[PDB]
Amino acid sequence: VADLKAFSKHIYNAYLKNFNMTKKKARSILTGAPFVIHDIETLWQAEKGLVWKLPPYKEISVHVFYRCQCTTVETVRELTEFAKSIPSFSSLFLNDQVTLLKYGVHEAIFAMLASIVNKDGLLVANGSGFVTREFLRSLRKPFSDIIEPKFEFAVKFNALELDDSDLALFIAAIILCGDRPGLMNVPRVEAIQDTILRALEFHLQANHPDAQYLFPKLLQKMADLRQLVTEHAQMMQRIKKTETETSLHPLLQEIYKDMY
């Protein structure tokens, strides 16, 4: 319908408004330049100005973990603003908005990760840096363990060849999940999500006319993301317990507090 077309483009513009790094920009950068971070000395150089311009850390692995936290916390703030633009999200009681974000932002974050990833690494600092996967693999347990599964997910996710207009609806659908623990107005949320998902099905058909089964494949990706984040949360809670000298940003603490 033309509502669904108008709805999709509204969500897309909210996405363009709230996330500076898009898949389109990242793909232009990746295909052809970013400074390559691939060891401790190029990380130092990157911090010295080439890429970037952090609680005290004692090892490279925790230092990288802290950069991870900086970026995800920023992306949580962007997603909160984005969600305010999803029709009827702001009509929910504030505590439901908080529950939806608490349980959805990291699913959305690890979906958006694929936009800035190739099989060899990811873009950092707004395209100006590229961190190699093989360097992240060089970090110690459990930081390498919490990183690599996200690459695996992301490279498979990129096989679907989504673009930003698809992703904007996908992320909105992730945030508006009616089965989050402790929601109050489950039917409200479900209805909003159903509007988003019908818009997504339509948009995918218009945008990828020759792609068969793309919509159910994306619904499956949503479930895979839930599982990915469940296991992520498990590793973050564990790191909190075992890695006493490693800091968690208080927003991430709150998100993982009593999660799953």
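Residue numbers run from 1 along the displayed sequence. So that the term is clear: the rigid core is the largest set of C-alpha atoms that superpose within 1.5 Å between two forms.
Colleague: Please tell me which region, 142 to 150 or 166 to 174, has C-alphas lying farther from the displayed form on average in 7 other deposited structures of this protein, with superposition done on the core.
Modeller: Once the core is superposed, the stretch further away in 7 other deposited structures of this protein is 142 to 150.
Colleague: Do the Cα atoms of 79 to 87 or those of 109 to 117 sit farther, on average, from the shown form in 7 other deposited structures of this protein after fitting on the core?
Modeller: Larger mean C-alpha displacement, comparing 79 to 87 and 109 to 117 in 7 other deposited structures of this protein, is found in 79 to 87.
Colleague: What about residue 48, is it left unmodelled in a third or more of the other PDB entries we looked at?
Modeller: No, residue 48 is modelled in every one of the other compared entries that cover both of its flanks.
Colleague: Might you work out how many residues are unmodelled in the deposited sequence between residue 58 and residue 59, and answer none, 1 to 3, 4 to 9, or 10 or more?
Modeller: According to the record, the chain runs unbroken from residue 58 to residue 59.
Colleague: According to the PDB entry, how many deposited residues between residue 32 and residue 33 are absent from the model (none, 1 to 3, 4 to 9, 10 or more)?
Modeller: Some 4 to 9 residues are missing between them.
Colleague: If you average the CA temperature factors over each stretch, which comes out higher, 164 to 172 or 92 to 100?
Modeller: For C-alpha atoms only, the mean B-factor is higher in 92 to 100.
Colleague: Taking the mean of the C-alpha B-factors per stretch from the entry, tell me the winner out of 135 to 143 and 73 to 81.
Modeller: Between 135 to 143 and 73 to 81, it is 135 to 143.
Colleague: Among 193, 220, 205, 230, single out the one with the highest C-alpha B factor in the record, please.
Modeller: Each of 193, 220, 205, 230 was compared by C-alpha B-factor; the highest is 205.
Colleague: Given 235, 197, 51, 68, identify the residue with the highest C-alpha B factor in the PDB entry.
Modeller: Among 235, 197, 51, 68, the highest C-alpha B-factor in the entry belongs to 51.
Colleague: Ranking every modelled residue in this chain by its Cα temperature factor as given in the entry, which third contains residue 185?
Modeller: As the PDB entry reports it, the C-alpha B-factor of residue 185 lands in the highest third of its chain.
Colleague: Just say lowest, middle or highest third for the CA B-factor of residue 108 relative to the other modelled residues in its chain.
Modeller: Lowest third - that is where residue 108 ends up once the chain's C-alpha B-factors are sorted.
Colleague: By its CA B factor, does residue 38 count among the lowest, middle or highest third of the modelled residues in the chain?
Modeller: Within its chain, residue 38 is a middle-third residue by C-alpha B-factor, going by the deposited values.
Colleague: Please rank the C-alpha B-factors of the chain's modelled residues and tell me whether residue 225 sits in the lowest, middle or highest third.
Modeller: Its C-alpha B-factor belongs to the lowest third of this chain's values.
Colleague: Would you mind ranking residue 251 by its C-alpha B-factor against the rest of the chain and naming the third, lowest, middle or highest?
Modeller: Within its chain, residue 251 is a middle-third residue by C-alpha B-factor, going by the deposited values.
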